């Protein structure tokens, strides 16, 4: 089974996206989407994702995570899309059978919080994810409540909405 992906009309986009201001390190305070479950045997740990603007105006997206007692660094490129705040994955063919990948910055203030929508399609299965970004490891319950409400607005139950636990190593570096 797989929860259907939301039509893009239900995914807002930031008023005037600032590529330079969105730069820097972001903390994953909230995680949601299909293929993301509350596996309480291994609760998700907070991972940080750094965006670096390049000359071509694309992003070098470095995600740092704590997996298997070691710091793993997963690197992609976000090629700008149709409108500011929208992106497509760079070197799509390098990933086996990545039919499409869309990134849409739903909302941000660039100083404390951001909310981004990712849609990935492979082998005719639609996978989508919503992440609650934070410049620190903690956000107020108001923005988290908005994150839960927005996630359910795309057809997401509560067991598919996860708040990764803050951790220190690999993530504050």
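Positions refer to the first chain, counted from 1.
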{"query": "Higher-scoring stretch by recorded Cα B factor average, 72 to 80 or 89 to 97", "finding": "89 to 97"}
{"query": "Stretch with the higher entry mean CA B-factor, where the candidates are 26 to 34 and 144 to 152", "finding": "144 to 152"}
{"query": "Residue with maximal Cα B-factor (values as given in the PDB entry) among 50, 65, 116, 139", "finding": "139"}
{"query": "Candidate residues 135, 45, 104, 41, the one whose C-alpha B factor the record puts highest", "finding": "41"}
{"query": "Lowest, middle or highest third - CA B-factor, residue 111", "finding": "highest"}
{"query": "Third assignment of residue 166 from its chain's C-alpha B-factors", "finding": "lowest"}
{"query": "Third of chain Cα B-factors occupied by residue 8", "finding": "highest"}
{"query": "Among modelled residues of the same chain, the CA temperature factor third for residue 125", "finding": "middle"}
